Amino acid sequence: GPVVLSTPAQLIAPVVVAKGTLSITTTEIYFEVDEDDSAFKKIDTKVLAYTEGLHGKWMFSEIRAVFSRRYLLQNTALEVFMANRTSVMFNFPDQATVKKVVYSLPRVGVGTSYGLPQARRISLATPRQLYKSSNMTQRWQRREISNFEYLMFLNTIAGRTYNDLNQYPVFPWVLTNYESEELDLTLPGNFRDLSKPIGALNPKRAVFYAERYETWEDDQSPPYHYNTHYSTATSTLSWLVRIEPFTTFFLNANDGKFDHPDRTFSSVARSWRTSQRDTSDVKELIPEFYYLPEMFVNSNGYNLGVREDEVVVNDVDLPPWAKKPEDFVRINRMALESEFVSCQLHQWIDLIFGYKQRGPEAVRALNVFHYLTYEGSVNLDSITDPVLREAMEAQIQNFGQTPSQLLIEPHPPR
C-alpha cells in the first residue's frame, strides 16, 4: 500500500550481506535483494536458503524493539526485533536515513525488559546512555536476572548481535579445567581469573605482551598488546563450524573443503591451551558455549559416504567430566551462574565494556588492542577511493571490533 518510505539498504545476516531496497509502508517493512548484483550472484544457494529476509515482509504489529546498530564501526545500521523472538538487521547509507526509518516505524523503543522508556529517542540513544538509564544492573545484583541474562543485556546494548559475525556477542571463559575426570564447582582453581584479559592469565606469555608494549617504536600505530582480538567473524565461524550455514559458508570460502583438523575447532580442552600458549590466540567465548549443544556435534545425515580422504569434521571432544554435549553445556552454564563468577564478573565487565576497556587503566590492565578496533576508530566515508575503502573494511573485519564501552566508572560488584 502507501509506501511511506523507501531507501537503498543492506541486509546484514549471519552469513550474508546483500544490497537491496528497503520500503516502509504504514503497517509493514519490505526488503528485496538486487538479484542482479554481481557479488550477490556468487553467493551459494545453500547459504541463501538459511538466510531470511532477502524477500521478507515484517508486520508492524510484530515489531517489538528497535536498536541502533553500527556496521563495521560506522553508526549507520538498525536491528529490529520481532515478537517471535527473531530479529533482522539492515545497514543504511547514513545515520540520517536510520532516523527516518526509526521515526517511520512503531514506537516499540528498545523493548520493555530493560526498564527503558518506549520512545524513538531510546532506539537512537547511545550505548552509554542506554546503560545509564536501565535497571538491569540493579536487578542483576538483586538476583532477579542471571549472569547469563545480564551478560546478554550488556552485549545487546554494546551493539553486539547474532546478525553480524563481526560484532558477535562476547562471553568469558569461566572454567580452566578441561582435563580432570570430575569438575568440582567449589574449587577456586577450576575458575578463570575474571579480572584479567586472556593475554594476562599466563604470566609466562604475559611477559611477551608487556615487553612488546614497552619496547614500542612506530608511527600512527599506538602501542598495543594484541594484534589478535577476542571476538571476530573468523573466530565465530570456527566455533560454529558444525552448524549450517556457517559450515557451508566456510567451505565455499575455503576452496570447497574443510581445514586441517588441528586448526579447526576440534577440542574444547585444546582450545583453552591455545588461548594460553599461542601469542596470537587471545580468543574469548561465545554465548552458545552455555546453551547450544548442537554446536559440539556433527549433525550431518547418514549414509552420505565421505570418509575416503575427503576431509570431515567430527564431534568436538569434551572434557572427561562431560559425557555428552548436553552435559558440557549444562555444567558450563552452572559454573557461569556459580557464586564464584557472580562475585568477580564485574571485573571482567570492566575489561570488556567497563573503564578498563580503553585508556590508562586499559594499559595498566594489560588490556590494550589495535587502535583500529575501538569505536570511533575510523570513518569509511572519509575514504573516497572505493578500492581504498574496501581494503579498509577488509581490515576491520580482520582485526575485529571492540564492543562499545558502556561505562567509564568501575562496575558495581554483584
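One rule holds for the numbers: they count along the sequence shown, beginning at 1.
Peer 1: For the higher mean C-alpha B factor in the entry, choose 218 to 226 or 329 to 337.
Peer 2: It is 218 to 226.
Peer 1: Out of 296 to 304 and 252 to 260, which one has CA B-factors that are higher on average in the deposited record?
Peer 2: Looking at the record's C-alpha B-factors, the answer is 252 to 260.
Peer 1: Determine which member of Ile349, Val66, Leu388, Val368 has the highest CA B-factor, using the values in the deposited entry.
Peer 2: Reading the PDB entry, the winner on C-alpha B-factor is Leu388.
Peer 1: Divide the modelled residues of the chain into thirds by Cα B-factor and specify which third, lowest, middle or highest, holds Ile24.
Peer 2: Highest third of the chain for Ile24's C-alpha B-factor.
Peer 1: Splitting the chain's C-alpha B-factors into thirds, which one does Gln397 fall into?
Peer 2: CA B-factor rank for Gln397: highest third.
Peer 1: Which third, lowest, middle or highest, does the C-alpha temperature factor of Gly189 belong to within its own chain?
Peer 2: For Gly189, whose C-alpha B-factor we compare with every modelled residue in the chain, the answer is the middle third.
Peer 1: According to the PDB entry, is the CA B factor of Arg277 in the bottom, middle or top third of its chain, that is, lowest, middle or highest?
Peer 2: For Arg277, the deposited C-alpha B-factor lands in the highest third.
Peer 1: Please rank the C-alpha B-factors of the chain's modelled residues and tell me whether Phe92 sits in the lowest, middle or highest third.
Peer 2: Middle third.
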